[PDB]
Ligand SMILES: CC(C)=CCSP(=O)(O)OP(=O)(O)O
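In the form deposited without the ligand, a lone chain appears below as structure tokens.
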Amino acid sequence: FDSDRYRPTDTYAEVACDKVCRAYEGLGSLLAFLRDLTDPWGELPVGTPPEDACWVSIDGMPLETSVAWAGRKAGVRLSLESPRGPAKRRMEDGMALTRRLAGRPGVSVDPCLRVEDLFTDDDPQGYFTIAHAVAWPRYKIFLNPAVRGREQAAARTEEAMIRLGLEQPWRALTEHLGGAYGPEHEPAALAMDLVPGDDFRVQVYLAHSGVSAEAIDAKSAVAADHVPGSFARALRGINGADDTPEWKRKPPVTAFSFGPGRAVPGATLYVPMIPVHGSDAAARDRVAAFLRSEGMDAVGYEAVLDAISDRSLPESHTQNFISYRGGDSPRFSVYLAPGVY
């Protein structure tokens, strides 16, 4: 525990509330909602870190704040994962939360419940099983295809894709990638928007170990929204040399998005921040320079960083990823550890 902003007795839910409010401030009762949402661990004091770091945040907190720009608008999102242990109890906490979201105003958890058995187990492996996010409310769930080892990740992902009706765009991706999944494009996570109908989306996050910016770009050429070279230019550009130990320890990620009635996936690039960059200030300078050269809003990005961060940025290590899509309908997001641990 290491905070100038929070006392050790502040609760997880109170930190969550504070971060969400400050993110809105940077963009220019909630507490009640979040206590309920994080029931019952949301009441735990933040001063006592979990036994096992949460996957959801690079500082191991059970909370991660996100701000997303798209279609000339910005929105705040919050990711959550139980800090409880051991892994099986953490998993069951998440299962419980999914079921508590069912029947919330616009929610559909049916697609999640039809593949849930694939990403849960009585003896789970890997650094997580279940996590969620809320956006302002729509919800999503994150699942670990490596719950029973990495070697089964592609198979488990594929079977879920099939159950969900998305075999065709999943086939398109799989063939584009050469027909097999390896460390070059490894299924590291799945997400689902818990909504019914055409707006339903599943994202498959592929990690890219030991490949160049150009090769990563080319893996996206099957995407509905592929802008040739744009991923290569973001990666080379923001993150420079691909041979640093820090690059190799946290490789880039592409989120492929799948929707009903869509023959091919969309693609969004996830650019690792800390620890590829030495601090949030260094990462900020380079991300801002890239945003400007793309004509995107670097001021709003920096305003959010400033509003939400608890330490001066050269001493702050809270940016996990930024995400980026170029072209006519550009997207940018930043994902932030609370920076409490």
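For clarity, a rigid core is taken as the largest C-alpha set superposing within 1.5 Å between two forms. Residues that one form lacks are left out of the comparison. From 1 onward, residues are counted along the sequence shown.
According to the record, 4 to 9 deposited residues between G28 and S29 are left without atomic coordinates. Just going by the entry, 63-71 versus 42-50 on mean CA temperature factor gives the higher value to 42-50. When 142-150 is weighed against 229-237, 142-150 comes out higher, by mean CA B-factor as recorded in the entry. The top Cα temperature factor in the record, among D280, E302, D36, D297, falls on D36. Out of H208, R77, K219, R84, it is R84 whose C-alpha atom has the highest B-factor in the PDB entry. The entry lists a Cα temperature factor for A32 that places it in the highest third of the chain's modelled residues.
When the modelled residues of the chain are ordered by C-alpha B-factor, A255 sits in the lowest third. Among all modelled residues in its chain, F200 ranks in the highest third by Cα B-factor. Split the chain's modelled residues into thirds by C-alpha temperature factor. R89 is in the highest one. Among the modelled residues of its chain, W170 has a C-alpha B-factor that falls in the middle third, as given in the PDB entry.
The form solved in complex with the ligand is left out here; the points below concern that form.
Proximity to the ligand in the entry with it bound, defined as a heavy atom within 4.5 Å, holds among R84, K219, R156, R77 only for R77. The partner is absent here, but in the entry with it bound a heavy atom of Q203, alone among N239, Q203, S108, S230, sits within 4.5 Å of the ligand. For the three marked residues, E64, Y270 and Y335, a heavy atom of each sits within 4.5 Å of the ligand in the entry with it bound. Just one listed stretch, out of 137-145, 113-121, 170-178, 94-102, contacts the ligand in the entry with it bound at the 4.5 Å heavy atom level, and that stretch is 137-145. Shown without its partner, the chain has no residue in segment 1-34 with a non-hydrogen atom within 4.5 angstroms of the ligand in the entry with it bound. Segment displaced between this form and the one not shown is 245-248 alone (run of at least 3 consecutive residues, each Cα moved 2 Å or more after rigid core superposition).
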